[PDB]
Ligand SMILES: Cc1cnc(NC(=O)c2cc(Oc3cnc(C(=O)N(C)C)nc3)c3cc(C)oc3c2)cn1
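Before any questions on how it binds or moves, here is one chain, the form deposited without this ligand, in structure tokens.
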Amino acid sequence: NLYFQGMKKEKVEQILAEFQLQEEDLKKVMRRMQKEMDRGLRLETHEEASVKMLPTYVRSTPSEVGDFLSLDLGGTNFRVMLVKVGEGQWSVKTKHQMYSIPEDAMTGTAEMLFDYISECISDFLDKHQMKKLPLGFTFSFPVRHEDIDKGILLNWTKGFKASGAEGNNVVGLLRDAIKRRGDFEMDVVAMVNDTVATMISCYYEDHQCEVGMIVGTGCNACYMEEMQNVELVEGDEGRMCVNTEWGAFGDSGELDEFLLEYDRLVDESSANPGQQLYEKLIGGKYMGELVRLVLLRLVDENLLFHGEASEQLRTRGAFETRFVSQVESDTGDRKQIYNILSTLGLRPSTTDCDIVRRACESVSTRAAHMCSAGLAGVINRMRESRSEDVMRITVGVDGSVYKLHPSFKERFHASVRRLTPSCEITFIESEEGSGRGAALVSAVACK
């Protein structure tokens, strides 16, 4: 019966309705987010604020030229690259290599981690016969800076758990590991978040870019704040980039009304339970798993796969986030959806496929909408801080979710636009943002 297939589909929709957020829900999240950003900037409230609004010491009024080395650590892969900076300043990726980080190095000791990093740097300097450049470190974790070249790791995020790194100077850890190996020498001149790197890389082609955003494994944003509002740094003149660390929004209960069973389960099986909760609604580290967990509930309610979940479907992380993009790239014939579930040991019908799509759309739309509330909060804050009825601003964006998901981008922009009246927001995707941004920040600091 088509009548019974449609009754299965109606029941799924009732369950999936839970992922909906009304426009007023988003405005509420936005206001709460703006409130947390206020708190993180102020001396009185900074320690308790879950959105830490960390000074980066990358300023509005900041350079050198020549060969630069860029390091990038934040995802499953560590990337090294040679970049040429020339006359403002252009930058170009000329040599590049990425390395897979062994499990033991992400979850072992800091020494292991940075030993592996240094090994990677020497292989790269080998593969290009260049083993003393100025070195920029894109390091995508919450860091409390004392300057551009010095700051301590507040805490690991995104599954990182190397011991002996939290509360230590990250540049120091890198310098130490390089010294231990002692077969090359590098001038470590700057450390930057990936958001900051992305923002800076978009500046040569568009000077209106004063916001950087990452929607990848993790989710975070930075922006050019007025120095007068950055209470943690001395001076009131011009602007300084702030790393919001908005992923930890929710860690003090601010999203509790909105968290679902699937979110609690994802948080509980994560490396950092109770932390990075806003990020866990959005990031690619967690999105596919969120979908896997919806699909499991649906098989349990007898609405999917004849009520039977395969060994693969019951394994953690098996529904990869790229599968969410692929499913939602489907043209209507169900071929992409079928092949994904086939490789998961499942024997999907035609309606099974349509339900999996609906599950993915519900998770990724919520991610798009939740993300939109955070960005709209930042851009609205900036408009009010500045002196204009209409703010024109560019946002530099990187990450596989924003970049590769076929509809996230579009759902996200629309929602951001609803929430930012009297703002004209241009979105640009960075091209090698982290390498070129890191190199560009190095060249300034190279003084």
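Residue numbers run from 1 along the displayed sequence.
Below: the form deposited with this ligand bound, not depicted.
- Site accessibility, blocked: after C-alpha superposition of the site, this ligand as positioned in the deposited complex shows three or more atoms within 2.4 Å of the backbone or C-beta atoms of the displayed chain.
- Remark: residue 61 counts among the residues lining this ligand in the deposited complex, judged by a heavy atom distance of 4.5 Å or less.
- When this ligand is considered in the deposited complex, residue 290 lies well away from it, no heavy atom lying within 4.5 Å.
- Within 4.5 Å of any heavy atom of this ligand in the deposited complex lies no heavy atom of residue 354.
- Contact check for residue 113: every heavy atom lies farther than 4.5 Å from this ligand in the deposited complex.
- Only one of 120, 178, 85, 373 lies close to this ligand in the deposited complex, with a heavy atom inside 4.5 Å, and it is 85.
- Comment: this ligand is not present in this chain, but in the deposited complex one of 99, 258, 184, 203 has a heavy atom within 4.5 Å of it, namely 203.
- Between 27-35, 417-425, 40-48, 53-61, the stretch whose residues reach within 4.5 angstroms of this ligand in the deposited complex through a non-hydrogen atom is 53-61.
- Interface residues of 193-226, taken as those with a heavy atom within 4.5 Å of this ligand in the deposited complex (partner not displayed): 199, 200, 203, 204, 209, 210, 224, in sequence order.
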